[PDB]
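Next up is one chain by itself, shown in structure tokens, the form deposited without ligand AMP.
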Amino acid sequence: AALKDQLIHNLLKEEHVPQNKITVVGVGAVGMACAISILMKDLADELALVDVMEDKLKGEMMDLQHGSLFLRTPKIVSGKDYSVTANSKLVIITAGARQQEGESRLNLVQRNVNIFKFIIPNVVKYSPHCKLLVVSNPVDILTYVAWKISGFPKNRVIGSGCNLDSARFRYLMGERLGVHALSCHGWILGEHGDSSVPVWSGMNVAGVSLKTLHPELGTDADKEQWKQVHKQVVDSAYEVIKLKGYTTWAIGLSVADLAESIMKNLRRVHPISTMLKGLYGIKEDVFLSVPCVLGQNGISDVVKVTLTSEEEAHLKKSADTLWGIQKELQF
């Protein structure tokens, strides 16, 4: 007898199961950039959002909601309570402290391990079967922390790790060479940030090995100084942060990418972080970035890059370093 009723004759009794649901935890700069790129790539049929800052949270949800006319994600929901979160296929954690200008990512660790103690039990409790994508820094360490607190088998705990570093290196390499990044190939592995490993042997355009063409590639004999390029990758979070206070867009895009392979079962290979005890020389429970095949069940295989001898020693030190820190943590 309502207006609505004179107009829509109903015929089917309404229950709901979201069929392709993503959750972003943390709606700060990174969480919101991840949100917008997911919405614009149509990866979900439900997006849920949680954060402890209630007003910001509800303010961001409405901003996004008022743009539904222009999206094809028919449902956007939010809450402090994880129930809004239930049955997500994918949950992205972007919650936590971030670097002040000058600050290392490692100084972040104690603050964000506490945050994780609280979040991860609540996520795995409403979405027992999700894939977890970890973005908060220091990301390898925090990926491990998510792994341990949750109980999940390890194909299902994923860290973004060097996906960003690698995307920045390919951006700088095309810019040097004058070719789109889509066409410059090249892998940054190991730890996100200070001590990632640039794998010079597999850099190429059109299958054309750059280091075979130019044997000094990335040493100190290099007159054309391709170390400065990795160095520029290393130093970019600091340079962006110093300029605009934080980084948001590049990681949002890079995270939407990772979700795409998850939601569409693509099986593309990404430099992401995973639990690699048993491989690359490593015996501790550490997360580092290595090329991983990513699809609807998380990481199911790992490509076995052929590393030089120092390159495997770079990796082993990071494994040593990460574990010394982890030894000390408490769950």
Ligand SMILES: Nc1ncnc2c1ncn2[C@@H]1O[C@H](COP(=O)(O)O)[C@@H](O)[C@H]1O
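Only residues modelled in both forms are compared. Just so we're on the same page, rigid core means the largest C-alpha set that superposes within 1.5 Å between forms. From 1 onward, residues are counted along the sequence shown.
Beyond what is shown, the protein has a form solved in complex with ligand AMP; the following relates to that form.
*Asks:* Looking at 150-158, 212-220, 169-177, 229-237, which stretch has residues with any non-hydrogen atom within 4.5 Å of ligand AMP in the deposited bound form?
*Replies:* The contacting stretch here is 229-237.
*Asks:* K242: heavy atom within 4.5 Å of ligand AMP in the deposited bound form?
*Replies:* Although ligand AMP is absent here, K242 would touch it in the deposited bound form, with heavy atoms inside 4.5 Å.
*Asks:* Of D220, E239, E101, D81, which is the single residue whose C-alpha shifts by 2 angstroms or more between the shown form and the other one after core superposition?
*Replies:* Everything else stays below 2 Å; the exception is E101.
*Asks:* Just the runs, please: which groups of three or more residues in a row shift their CA by 2 Å or more between the shown form and the other one on the core?
*Replies:* Run shifting 2 Å or more: just 97-108.
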